[PDB]
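Engineer: Below is the structure I would like to discuss, written out as structure tokens.
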Amino acid sequence: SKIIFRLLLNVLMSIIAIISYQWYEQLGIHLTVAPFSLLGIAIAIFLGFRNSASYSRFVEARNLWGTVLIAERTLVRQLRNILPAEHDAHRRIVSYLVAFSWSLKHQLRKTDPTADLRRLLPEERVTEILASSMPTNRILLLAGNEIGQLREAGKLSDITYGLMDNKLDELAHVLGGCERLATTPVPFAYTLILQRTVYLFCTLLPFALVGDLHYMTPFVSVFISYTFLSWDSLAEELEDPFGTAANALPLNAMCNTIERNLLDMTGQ
Amino acid sequence: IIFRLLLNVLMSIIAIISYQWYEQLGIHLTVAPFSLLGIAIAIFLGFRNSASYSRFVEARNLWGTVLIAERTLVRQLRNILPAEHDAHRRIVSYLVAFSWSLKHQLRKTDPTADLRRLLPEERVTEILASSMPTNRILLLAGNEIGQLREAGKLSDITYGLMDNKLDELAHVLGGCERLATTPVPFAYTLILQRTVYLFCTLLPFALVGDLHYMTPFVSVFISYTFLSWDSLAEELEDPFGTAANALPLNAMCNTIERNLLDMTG
Amino acid sequence: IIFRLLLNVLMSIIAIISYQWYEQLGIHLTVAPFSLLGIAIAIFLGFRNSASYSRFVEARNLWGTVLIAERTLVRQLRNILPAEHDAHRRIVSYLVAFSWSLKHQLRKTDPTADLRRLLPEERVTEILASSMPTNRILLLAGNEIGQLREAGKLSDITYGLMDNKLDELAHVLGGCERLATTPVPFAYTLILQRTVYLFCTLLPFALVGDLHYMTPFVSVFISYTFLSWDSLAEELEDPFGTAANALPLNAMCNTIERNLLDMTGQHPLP
Amino acid sequence: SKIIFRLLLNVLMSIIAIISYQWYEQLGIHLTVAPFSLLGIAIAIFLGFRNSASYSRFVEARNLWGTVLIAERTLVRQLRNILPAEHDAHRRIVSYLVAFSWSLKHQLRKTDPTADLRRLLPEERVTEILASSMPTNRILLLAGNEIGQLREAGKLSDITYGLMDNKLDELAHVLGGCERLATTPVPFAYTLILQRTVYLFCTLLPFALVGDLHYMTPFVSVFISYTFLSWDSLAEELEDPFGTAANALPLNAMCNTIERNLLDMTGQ
Amino acid sequence: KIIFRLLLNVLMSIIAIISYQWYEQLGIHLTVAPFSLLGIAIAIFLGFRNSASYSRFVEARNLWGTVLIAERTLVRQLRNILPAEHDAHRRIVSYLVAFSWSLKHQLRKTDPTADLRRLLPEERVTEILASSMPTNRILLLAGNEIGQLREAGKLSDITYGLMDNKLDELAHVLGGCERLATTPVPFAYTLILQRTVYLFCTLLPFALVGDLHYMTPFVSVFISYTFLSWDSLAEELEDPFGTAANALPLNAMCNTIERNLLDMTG
Ligand SMILES: [Zn+2]
Ligand SMILES: [Zn+2]
Ligand SMILES: [Zn+2]
Ligand SMILES: [Zn+2]
Ligand SMILES: [Zn+2]
Ligand SMILES: [Zn+2]
Ligand SMILES: [Zn+2]
Ligand SMILES: [Zn+2]
Ligand SMILES: [Zn+2]
């Protein structure tokens, strides 16, 4: 990664620090570790408070997608527990439930849900989902019609309707939550203040080290840079929880984890 | 944007051109007390920086709940009362006015323009004549829900479902007004911001013996770190304000209007 | 409060004048042990300040819920029973009296005058004849909701909607009583106040070795930083007091009163 | 208490450090303070993260006993608004709610609740309570029958039963929480490491302080030891809030405030 | 203290003594200032890691505590609404106990076959085990048992709705217990911190032999053992559903759950 390919830049700066210092006493400039000890601790504190604030954003993103699996489990569970014979209406409500997660992933992955929506639904309902400015929310609205048309039919009482209605709210905070994380990210004034302070601290660190470390400088400076640049790279992976990176959320595999449950909850 | 930190560069350079009075007026300023003082300050600045971010998160979570609540509320009307679009455009218009009137209550601005756009003048005067306009709007939306209670159009259960989502909006109002009135006492932030700069200006006075001519480079680089982690924390304690890293409340109310209006049909 | 640092400059002034003799018993004082000691204090002073702030937030969070619960409860009355405006003015007074007695319960004041202002004396005398007066108000307001259920005006469902709004008010009482009756760091705060005062006074004795006569200039600045972070750290753990304390419940207790009265129509123009 | 001994033992090691200071400079060992700042700060960092772990557990312990206070209030209040005349059932559910608080306090103090059960309940029901595994859970089950025997007879609707039922679950989440705070203690595999890292640092610090401060080490070493030894000893009572510590929860007084409240809602 | 690598920290300390004197050449020197700053920088990051992992341990305990509480209240509501239908009692309890055990086997990745055959008929064990997420098949079967009491007219939908809210408390745990064991913090950080902690502990004695020649092995381990310990706790708290009996005793909680529901009948 860019961390590792720029961890090399301080090694030459350390040897540059070694090969310099010969005109230092003429100019009259000296660089010790005491100001960088103060500065380094101040940076490591701010990097730590920035990392734990980022970790919660990773946890909050993780909890919202975990609730989807919980809500749809119980919703299909309640449909097979209150209306066990309406297995014709089971697979319709399920199909909307499957479309929401995929449309959620494609809405958070900024891709095209057209291909995945036609797989589960007749084309009539796919464009109806695509006709609104928020297709996922149209699915929640569409899921209500399959639940709502059963209310006036006398199959579910108004309480049994409200109890299943209370399971779309758990689903509704997820869409409203995942949409909220990607539009209000951690204020960029944060990562830029740390990467501007970490990189500039890492480059000027060997200039403070060879006055006390002499030739052992490149070994120590890189080990301190590696610690900061790795601790900083953690903040860069927590900011993309819905992306395609090598170490992100496997949302394609998580939509798969949700689909195999509901389909085994009805038929196969 | 900066606190003219260049003045510490002059304060660092002043120590250099004064350093000629080093042993004559008998001054020693070492790094250990300023390291102790500086580490203690960066420790105290770290706990405040995360604390302001938390106030920022609570405001965004409340505004996200607003988008979710009105999302679900307009949805519940479309599943139980599929034909009652005469009451939709009234309940929706009240819900949209709630968001705009809330933002103007937190910005201490005038909500007159946005209310006349969505509601009739006769009821706009009804809203503006009260000491709590948002709760009066939420109260007005309840009348449109209450007039739907009637006797048999919505069951006794079904009213409670919409009542259980108007209170979700009310816990937002009680919080957002609480965040805009419950901050750190404006005498404890003041003692903290003035302590950082006093460490910031006297830091080069102690760094000359160590960093002779390299003093302004480190003094500014430590100034930049301390003055930034403190000045950004001053942007997050008022997420309803006009700061850079503030909540762009204009665009969230705009996103809610485009949501409900796309739900009308 | 302020002269503690003037005592600290004097400790430096004494430290300056009591160090030319600093050889009686062979003794030297360095800054490194006080850096470790000071950094450990800044770690512990930082963790103690965060605990006080949290109880301050819960005091605002619980008192913020007071505004919401009484709003939602009174608003619920104007959407289901808009014509029974006679029962509005009774529940409101209880909700207004609940907040006032809630403020009066935690400040250890006499709620008689504000209860005589808002309630008839028969309910004032019975409430003041109880030790837990606030819990009686929600119970008295609960009968107002129960009598509307027993008469046929509120269904078994709709009663439960308003009962869940008196419970939000009931969870407020038990929490505000919990923060004000068990401020747990009881008597153990002086782990820092006795250490900071002792650290700040012995600091110039360790600083006058490096900073000779310039010691008070730094000595007050490090003492000012620790003792100000300390006086702030114990101002927030009592979010119901006077002086600089940032909770002014009277303006919040009045605002809930003026809100429900403005939600019921108490400013008519003839 | 057991930190004044370590402080008295820490003063004695400093006097040994002075009278041995002349012995170990020939032995061929030298001791500076610089590792002890890193080690002490590393310990001072760990004492801060552990104190936050104990303090959070104490607040949760206090909140559960506040929740018992609130839930039984609402349950007694909900009973006085739906069945206000059923005072034959008032003193029965109140006694169950009161016995619940006491039996829980005896369950966390690991004593025998028989004595307070004969005071509040009929003796035959004391035999029934003691014949179960969890005595507290048997009490709330008894409170449910008094609500349950009122529903099937026609006095409580299916809805109004749930309104009071939703307040016994609030009491049940307390029992499992109070059970979790006790049955699942904070991970104490480090408390012994904190006994071993702090005292060995506190005792060996004056051996490193006698290098710079000659006679002033016992004055300084205690000020560093007392500050270190205080922050750890405070963490030892806050992680055990159901015991008989000086900061512990005075559970005796909480049951009294709960009983005197519920008794004040029943005409006394 | 099972760290055999803490003894490995001692060996370079004597090497540091025999080398400090043998290789001052070419200017390379190791002083204490960079490793003190670096050590504090690590101790800051190790503290933020333990509390983040510690919360993962706490969240794991609450999920199993909610399982204990949820099954309690569900049984409480049934003996207060249907005290006479004890023929149906012996069925639901077995599912909740089978759910409790099957959840522990799902997080421990062990075999629940015997645990289900003790409680359920072979035909229903074949139905549960011949499917994905057997715990959810148990809760779905437990839901079927509640639906038949509404369809029987024995439970109103209101009292049914009172009980339905308790299958979600168990389902939010299952979906929650699935979350803690499947997506922890990325491993690419576990090793870079294990490579940063162990490499810092081994390179410390080369930096300690300044004026600390003979006292080096005593301090290096006391700092390394202290560092190697505070990191090792975060490695047990990050996997609270793992093999470590000192992490979570699911056997002691699943049995404690069994002892309660079985104690309402004997
Ligand atoms: Zn089916
Ligand atoms: Zn419409
Ligand atoms: Zn509310
Ligand atoms: Zn009215
Ligand atoms: Zn409650
Ligand atoms: Zn009574
Ligand atoms: Zn529960
Ligand atoms: Zn039975
Ligand atoms: Zn749920």
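Chains: A, B, ... in order of the structure tokens. Residues: from 1 per chain. Ligands: from 1, in order shown.
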Quick one: everything within 8 Å of residue C:232, counting only C-alpha atoms, minus sequence neighbours fewer than 3 positions away in the same chain. Send it as a PDB file with C-alpha atoms, in the first residue's frame.

Structural biologist:
ATOM      1  CA  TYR B 188     -14.392  26.673  30.902  1.00  0.00           C
TER       2      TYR B 188
ATOM      3  CA  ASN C  49     -13.309  15.119  34.384  1.00  0.00           C
ATOM      4  CA  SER C 228      -8.359  24.894  36.791  1.00  0.00           C
ATOM      5  CA  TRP C 229      -8.922  21.523  35.148  1.00  0.00           C
ATOM      6  CA  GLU C 235     -18.294  21.705  39.134  1.00  0.00           C
ATOM      7  CA  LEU C 236     -20.078  19.311  36.716  1.00  0.00           C
TER       8      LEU C 236
END

Engineer: Kindly provide, as a PyMOL selection string, all nucleotide and amino acid residues lying within 6 Å of ligand 2, counting only C-alpha atoms and all ligand atoms.

Structural biologist: chain B and resi 85+88+264-265

Engineer: Based on the selection just made, write N, CA, C and O atoms of those residues as an mmCIF file, in the first residue's frame.

Structural biologist:
data_model
loop_
_atom_site.group_PDB
_atom_site.id
_atom_site.type_symbol
_atom_site.label_atom_id
_atom_site.label_comp_id
_atom_site.auth_asym_id
_atom_site.auth_seq_id
_atom_site.Cartn_x
_atom_site.Cartn_y
_atom_site.Cartn_z
ATOM 1 N N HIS B 85 -55.771 10.598 -0.293
ATOM 2 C CA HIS B 85 -54.769 11.582 -0.689
ATOM 3 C C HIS B 85 -55.205 13.019 -0.420
ATOM 4 O O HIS B 85 -54.368 13.925 -0.508
ATOM 5 N N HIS B 88 -53.465 13.348 2.742
ATOM 6 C CA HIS B 88 -52.025 13.200 2.553
ATOM 7 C C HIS B 88 -51.350 14.552 2.391
ATOM 8 O O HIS B 88 -50.444 14.910 3.153
ATOM 9 N N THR B 264 -45.758 11.293 -2.514
ATOM 10 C CA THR B 264 -47.148 11.683 -2.732
ATOM 11 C C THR B 264 -47.740 10.969 -3.936
ATOM 12 O O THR B 264 -48.908 10.566 -3.911
ATOM 13 N N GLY B 265 -46.975 10.816 -5.003
ATOM 14 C CA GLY B 265 -47.528 10.122 -6.142
ATOM 15 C C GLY B 265 -47.446 10.964 -7.389
ATOM 16 O O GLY B 265 -47.711 10.470 -8.475
#

Engineer: Mind listing the residues within 9 Å of ligand 4, only C-alpha atoms and all ligand atoms counted, as a PyMOL selection string?

Structural biologist: chain C and resi 74+77-78+81-89+261+263-265

Engineer: Can you spit out the residues from that selection as a PDB file, in the first residue's frame, using N, CA, C and O atoms?

Structural biologist:
ATOM      1  N   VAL C  74     -49.584  15.619  26.370  1.00  0.00           N
ATOM      2  CA  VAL C  74     -50.595  16.656  26.168  1.00  0.00           C
ATOM      3  C   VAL C  74     -51.007  16.747  24.701  1.00  0.00           C
ATOM      4  O   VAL C  74     -52.178  17.000  24.389  1.00  0.00           O
ATOM      5  N   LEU C  77     -53.590  14.218  23.831  1.00  0.00           N
ATOM      6  CA  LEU C  77     -54.928  14.564  24.294  1.00  0.00           C
ATOM      7  C   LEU C  77     -55.676  15.437  23.288  1.00  0.00           C
ATOM      8  O   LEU C  77     -56.895  15.307  23.148  1.00  0.00           O
ATOM      9  N   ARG C  78     -54.974  16.309  22.563  1.00  0.00           N
ATOM     10  CA  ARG C  78     -55.618  17.212  21.611  1.00  0.00           C
ATOM     11  C   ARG C  78     -55.912  16.571  20.261  1.00  0.00           C
ATOM     12  O   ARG C  78     -56.537  17.216  19.410  1.00  0.00           O
ATOM     13  N   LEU C  81     -59.167  13.513  21.936  1.00  0.00           N
ATOM     14  CA  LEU C  81     -60.274  14.132  22.668  1.00  0.00           C
ATOM     15  C   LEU C  81     -60.159  15.651  22.579  1.00  0.00           C
ATOM     16  O   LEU C  81     -59.771  16.318  23.547  1.00  0.00           O
ATOM     17  N   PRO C  82     -60.477  16.234  21.419  1.00  0.00           N
ATOM     18  CA  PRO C  82     -60.301  17.685  21.269  1.00  0.00           C
ATOM     19  C   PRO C  82     -61.356  18.516  21.980  1.00  0.00           C
ATOM     20  O   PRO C  82     -61.089  19.688  22.280  1.00  0.00           O
ATOM     21  N   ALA C  83     -62.530  17.959  22.277  1.00  0.00           N
ATOM     22  CA  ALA C  83     -63.592  18.753  22.876  1.00  0.00           C
ATOM     23  C   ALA C  83     -63.588  18.718  24.399  1.00  0.00           C
ATOM     24  O   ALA C  83     -64.128  19.635  25.027  1.00  0.00           O
ATOM     25  N   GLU C  84     -62.984  17.697  25.009  1.00  0.00           N
ATOM     26  CA  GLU C  84     -62.938  17.595  26.464  1.00  0.00           C
ATOM     27  C   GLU C  84     -61.825  18.468  27.021  1.00  0.00           C
ATOM     28  O   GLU C  84     -60.996  18.004  27.810  1.00  0.00           O
ATOM     29  N   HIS C  85     -61.816  19.738  26.617  1.00  0.00           N
ATOM     30  CA  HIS C  85     -60.809  20.697  27.049  1.00  0.00           C
ATOM     31  C   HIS C  85     -60.841  20.934  28.558  1.00  0.00           C
ATOM     32  O   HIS C  85     -59.898  21.525  29.097  1.00  0.00           O
ATOM     33  N   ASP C  86     -61.894  20.476  29.247  1.00  0.00           N
ATOM     34  CA  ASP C  86     -61.951  20.549  30.705  1.00  0.00           C
ATOM     35  C   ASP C  86     -60.961  19.596  31.374  1.00  0.00           C
ATOM     36  O   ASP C  86     -60.415  19.920  32.435  1.00  0.00           O
ATOM     37  N   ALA C  87     -60.702  18.432  30.775  1.00  0.00           N
ATOM     38  CA  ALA C  87     -59.736  17.504  31.351  1.00  0.00           C
ATOM     39  C   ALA C  87     -58.305  17.851  30.975  1.00  0.00           C
ATOM     40  O   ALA C  87     -57.371  17.361  31.622  1.00  0.00           O
ATOM     41  N   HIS C  88     -58.124  18.686  29.953  1.00  0.00           N
ATOM     42  CA  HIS C  88     -56.799  19.159  29.568  1.00  0.00           C
ATOM     43  C   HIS C  88     -56.148  19.931  30.711  1.00  0.00           C
ATOM     44  O   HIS C  88     -55.045  19.599  31.164  1.00  0.00           O
ATOM     45  N   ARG C  89     -56.841  20.968  31.197  1.00  0.00           N
ATOM     46  CA  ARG C  89     -56.294  21.906  32.172  1.00  0.00           C
ATOM     47  C   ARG C  89     -55.946  21.257  33.505  1.00  0.00           C
ATOM     48  O   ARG C  89     -55.202  21.850  34.293  1.00  0.00           O
ATOM     49  N   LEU C 261     -49.242  25.206  28.495  1.00  0.00           N
ATOM     50  CA  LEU C 261     -50.285  26.224  28.496  1.00  0.00           C
ATOM     51  C   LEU C 261     -50.430  26.864  27.125  1.00  0.00           C
ATOM     52  O   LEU C 261     -51.534  27.272  26.746  1.00  0.00           O
ATOM     53  N   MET C 263     -49.835  25.065  24.471  1.00  0.00           N
ATOM     54  CA  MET C 263     -50.424  23.976  23.707  1.00  0.00           C
ATOM     55  C   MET C 263     -51.903  23.794  23.998  1.00  0.00           C
ATOM     56  O   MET C 263     -52.572  23.057  23.273  1.00  0.00           O
ATOM     57  N   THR C 264     -52.429  24.436  25.037  1.00  0.00           N
ATOM     58  CA  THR C 264     -53.839  24.301  25.363  1.00  0.00           C
ATOM     59  C   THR C 264     -54.662  25.540  25.048  1.00  0.00           C
ATOM     60  O   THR C 264     -55.892  25.450  25.023  1.00  0.00           O
ATOM     61  N   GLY C 265     -54.027  26.685  24.810  1.00  0.00           N
ATOM     62  CA  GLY C 265     -54.764  27.893  24.487  1.00  0.00           C
ATOM     63  C   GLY C 265     -55.036  28.762  25.696  1.00  0.00           C
ATOM     64  O   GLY C 265     -56.187  28.899  26.128  1.00  0.00           O
TER      65      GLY C 265
END

Engineer: May I ask which of the residues D:174, D:18, D:13, D:33 is the closest one to ligand 7, counting only C-alpha atoms and all ligand atoms?

Structural biologist: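 Of all the options, D:174 lies closest to ligand 7.
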
Engineer: What residues in chain D have any atom no more than 12 Å from chain B when counting only C-alpha atoms, and can you write them as a PyMOL selection string?

Structural biologist: chain D and resi 37+41+45+159

Engineer: Go ahead and dump the residues you just picked, C-alpha atoms, as an mmCIF file, in the first residue's frame.

Structural biologist:
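Writing done, so here's again37.cif:
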data_model
loop_
_atom_site.group_PDB
_atom_site.id
_atom_site.type_symbol
_atom_site.label_atom_id
_atom_site.label_comp_id
_atom_site.auth_asym_id
_atom_site.auth_seq_id
_atom_site.Cartn_x
_atom_site.Cartn_y
_atom_site.Cartn_z
ATOM 1 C CA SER D 37 8.739 7.242 33.327
ATOM 2 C CA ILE D 41 3.227 6.231 32.163
ATOM 3 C CA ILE D 45 -2.238 4.680 30.955
ATOM 4 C CA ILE D 159 -54.425 -5.214 26.434
#

Engineer: Report as CSV: every residue of chain D with an atom at most 6 Å from ligand 6, its closest pair of atoms, and their distance in Å to one decimal, counting only C-alpha atoms and all ligand atoms, with rows sorted by chain and ascending residue number.

Structural biologist:
residue,atom,partner,partner_atom_place_in_ligand_line,distance
D:87,CA,ligand 6,1 (Zn),4.8
D:90,CA,ligand 6,1 (Zn),5.1
D:266,CA,ligand 6,1 (Zn),4.0

Engineer: Name each residue within 9 Å of ligand 9, counting only C-alpha atoms and all ligand atoms, as a PDB file with C-alpha atoms, in the first residue's frame.

Structural biologist:
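And here is the file that came out, pocket39.pdb:
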ATOM      1  CA  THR A  67     -30.314  -5.685  12.055  1.00  0.00           C
ATOM      2  CA  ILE A  70     -32.620 -10.006  12.313  1.00  0.00           C
ATOM      3  CA  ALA A  71     -35.722  -8.156  11.115  1.00  0.00           C
ATOM      4  CA  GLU A  72     -36.323 -10.170   7.941  1.00  0.00           C
ATOM      5  CA  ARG A  73     -35.848 -13.426   9.879  1.00  0.00           C
ATOM      6  CA  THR A  74     -38.673 -12.586  12.289  1.00  0.00           C
ATOM      7  CA  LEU A  75     -40.877 -11.083   9.553  1.00  0.00           C
ATOM      8  CA  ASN A 166     -43.046  -2.790  13.884  1.00  0.00           C
ATOM      9  CA  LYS A 167     -40.528  -4.916  11.945  1.00  0.00           C
ATOM     10  CA  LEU A 168     -40.249  -2.508   9.035  1.00  0.00           C
ATOM     11  CA  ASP A 169     -39.242   0.233  11.503  1.00  0.00           C
ATOM     12  CA  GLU A 170     -36.225  -1.840  12.506  1.00  0.00           C
ATOM     13  CA  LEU A 171     -35.631  -2.053   8.740  1.00  0.00           C
TER      14      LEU A 171
ATOM     15  CA  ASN E 165     -42.107  -9.489  21.262  1.00  0.00           C
ATOM     16  CA  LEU E 167     -38.970 -14.118  20.005  1.00  0.00           C
ATOM     17  CA  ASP E 168     -37.368 -10.943  18.651  1.00  0.00           C
ATOM     18  CA  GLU E 169     -35.271 -10.512  21.805  1.00  0.00           C
ATOM     19  CA  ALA E 171     -33.601 -13.251  17.402  1.00  0.00           C
ATOM     20  CA  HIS E 172     -31.706  -9.978  17.910  1.00  0.00           C
TER      21      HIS E 172
END

Engineer: Within 12 Å of chain E, which residues belong to chain B? Use only C-alpha atoms and report them as a ChimeraX atom specification.

Structural biologist: /B:35,39,43,46,157

Engineer: Would you mind exporting the chosen residues as a PDB file, in the first residue's frame, restricted to N, CA, C and O atoms?

Structural biologist:
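Heads up, here's the output in result_16.pdb:
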ATOM      1  N   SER B  35       7.342  20.082  28.388  1.00  0.00           N
ATOM      2  CA  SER B  35       6.920  18.746  27.979  1.00  0.00           C
ATOM      3  C   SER B  35       5.826  18.227  28.902  1.00  0.00           C
ATOM      4  O   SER B  35       4.787  17.739  28.442  1.00  0.00           O
ATOM      5  N   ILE B  39       2.357  17.791  27.314  1.00  0.00           N
ATOM      6  CA  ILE B  39       1.713  16.478  27.306  1.00  0.00           C
ATOM      7  C   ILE B  39       0.389  16.535  28.053  1.00  0.00           C
ATOM      8  O   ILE B  39      -0.614  15.967  27.608  1.00  0.00           O
ATOM      9  N   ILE B  43      -3.198  15.842  26.319  1.00  0.00           N
ATOM     10  CA  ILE B  43      -4.099  14.875  26.942  1.00  0.00           C
ATOM     11  C   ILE B  43      -5.464  15.507  27.191  1.00  0.00           C
ATOM     12  O   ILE B  43      -6.504  14.867  26.991  1.00  0.00           O
ATOM     13  N   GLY B  46      -7.273  16.130  23.872  1.00  0.00           N
ATOM     14  CA  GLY B  46      -7.791  14.912  23.272  1.00  0.00           C
ATOM     15  C   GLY B  46      -9.147  14.513  23.819  1.00  0.00           C
ATOM     16  O   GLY B  46     -10.019  14.074  23.065  1.00  0.00           O
ATOM     17  N   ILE B 157     -56.105   0.555  17.046  1.00  0.00           N
ATOM     18  CA  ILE B 157     -54.698   0.182  17.006  1.00  0.00           C
ATOM     19  C   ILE B 157     -53.941   1.095  16.055  1.00  0.00           C
ATOM     20  O   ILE B 157     -52.877   1.631  16.390  1.00  0.00           O
TER      21      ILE B 157
END

Engineer: Pick out the residues no farther than 9 Å from ligand 1, counting only C-alpha atoms and all ligand atoms, and list them as a PyMOL selection string.

Structural biologist: chain A and resi 76+79-80+83-91+265-267

Engineer: Take the selection from the previous step and output its residues with C-alpha atoms, as a tab-separated table (two decimals), in the first residue's frame.

Structural biologist:
chain	number	residue	atom	x	y	z
A	76	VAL	CA	-40.79	-14.30	7.52
A	79	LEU	CA	-45.70	-14.83	8.32
A	80	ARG	CA	-45.26	-18.58	8.65
A	83	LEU	CA	-50.62	-17.13	8.15
A	84	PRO	CA	-49.10	-20.58	7.56
A	85	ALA	CA	-51.42	-21.40	4.65
A	86	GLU	CA	-50.85	-18.12	2.80
A	87	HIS	CA	-47.62	-19.55	1.39
A	88	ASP	CA	-48.55	-17.82	-1.89
A	89	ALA	CA	-48.18	-14.46	-0.13
A	90	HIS	CA	-45.04	-15.62	1.70
A	91	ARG	CA	-42.80	-15.62	-1.38
A	265	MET	CA	-37.51	-20.39	5.78
A	266	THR	CA	-40.14	-20.89	3.04
A	267	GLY	CA	-39.04	-23.65	0.65

Engineer: Counting only C-alpha atoms, collect the residues of chain C whose closest atom lies at most 12 Å from chain E, and write them out as a ChimeraX atom specification.

Structural biologist: /C:36,39,43,156-157

Engineer: Nearest to ligand 8: which of E:197, E:92, E:180, E:6 is it, counting only C-alpha atoms and all ligand atoms?

Structural biologist: E:92

Engineer: Would you return as a PyMOL selection string the members of stretch 58-196 of chain C that DSSP assigns to alpha helix (DSSP H) on this structure's backbone?

Structural biologist: chain C and resi 58-80+85-106+112-118+121-128+133-150+156-181+190-196

Engineer: Select all residues from chain C having any atom no more than 8 Å from an atom of chain D (counting only C-alpha atoms, ignoring ligands), output as an MDAnalysis selection string.

Structural biologist: chainID C and resid 25:30 32:33 35:37 39:41 43:44 47 130 132 139 142:143 145:147 150 156:157 160 163 167 170:171 173:175 178 184:186 188 191 195

Engineer: Select residues of chain E: the criterion is any atom within 6 Å of an atom of chain A, counting only C-alpha atoms; output as a short mmCIF file (atom, residue, chain, number, x, y, z; two decimals) with N, CA, C and O atoms, in the first residue's frame.

Structural biologist:
data_model
loop_
_atom_site.label_atom_id
_atom_site.label_comp_id
_atom_site.auth_asym_id
_atom_site.auth_seq_id
_atom_site.Cartn_x
_atom_site.Cartn_y
_atom_site.Cartn_z
N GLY E 27 29.30 4.42 14.23
CA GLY E 27 28.38 5.40 14.78
C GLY E 27 27.07 4.88 15.33
O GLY E 27 26.41 5.61 16.07
N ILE E 28 26.67 3.64 15.03
CA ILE E 28 25.36 3.21 15.49
C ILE E 28 25.33 3.16 17.02
O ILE E 28 26.17 2.51 17.65
N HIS E 29 24.37 3.88 17.60
CA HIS E 29 24.15 3.90 19.04
C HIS E 29 22.66 3.83 19.32
O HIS E 29 21.84 4.29 18.52
N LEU E 37 9.53 7.49 23.92
CA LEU E 37 8.47 8.09 23.11
C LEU E 37 7.69 7.03 22.35
O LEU E 37 6.45 7.05 22.31
N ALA E 41 3.77 5.90 22.80
CA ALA E 41 2.92 5.87 21.61
C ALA E 41 2.23 4.52 21.46
O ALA E 41 1.07 4.45 21.04
N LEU E 140 -37.92 -20.60 14.69
CA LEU E 140 -39.06 -20.69 13.79
C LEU E 140 -40.02 -21.79 14.24
O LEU E 140 -41.24 -21.63 14.14
N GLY E 143 -41.79 -20.49 17.12
CA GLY E 143 -42.83 -19.59 16.68
C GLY E 143 -44.08 -20.31 16.21
O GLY E 143 -45.20 -19.83 16.40
N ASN E 144 -43.89 -21.48 15.59
CA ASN E 144 -45.03 -22.29 15.16
C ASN E 144 -45.86 -22.74 16.35
O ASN E 144 -47.09 -22.80 16.28
N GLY E 147 -48.08 -19.86 17.36
CA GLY E 147 -49.16 -19.56 16.44
C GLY E 147 -50.35 -20.48 16.62
O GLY E 147 -51.49 -20.05 16.45
N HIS E 172 -32.74 -11.01 17.94
CA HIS E 172 -31.71 -9.98 17.91
C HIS E 172 -30.41 -10.45 18.55
O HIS E 172 -29.34 -9.91 18.23
N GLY E 175 -28.87 -12.86 15.72
CA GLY E 175 -28.28 -11.98 14.73
C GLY E 175 -27.13 -11.16 15.30
O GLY E 175 -26.23 -10.76 14.56
#

Engineer: Neighbours of ligand 7 within 8 Å, counting only C-alpha atoms and all ligand atoms, as an mmCIF file with C-alpha atoms, in the first residue's frame?

Structural biologist:
data_model
loop_
_atom_site.group_PDB
_atom_site.id
_atom_site.type_symbol
_atom_site.label_atom_id
_atom_site.label_comp_id
_atom_site.auth_asym_id
_atom_site.auth_seq_id
_atom_site.Cartn_x
_atom_site.Cartn_y
_atom_site.Cartn_z
ATOM 1 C CA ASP D 169 -40.268 -7.470 32.026
ATOM 2 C CA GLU D 170 -38.538 -4.218 32.975
ATOM 3 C CA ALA D 172 -36.803 -9.115 34.694
ATOM 4 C CA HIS D 173 -34.115 -7.404 32.606
ATOM 5 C CA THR E 66 -30.669 -11.470 26.995
ATOM 6 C CA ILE E 69 -33.777 -13.149 30.394
ATOM 7 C CA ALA E 70 -35.903 -13.578 27.262
ATOM 8 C CA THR E 73 -40.187 -13.885 30.620
ATOM 9 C CA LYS E 166 -39.981 -12.097 23.062
ATOM 10 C CA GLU E 169 -35.271 -10.512 21.805
#
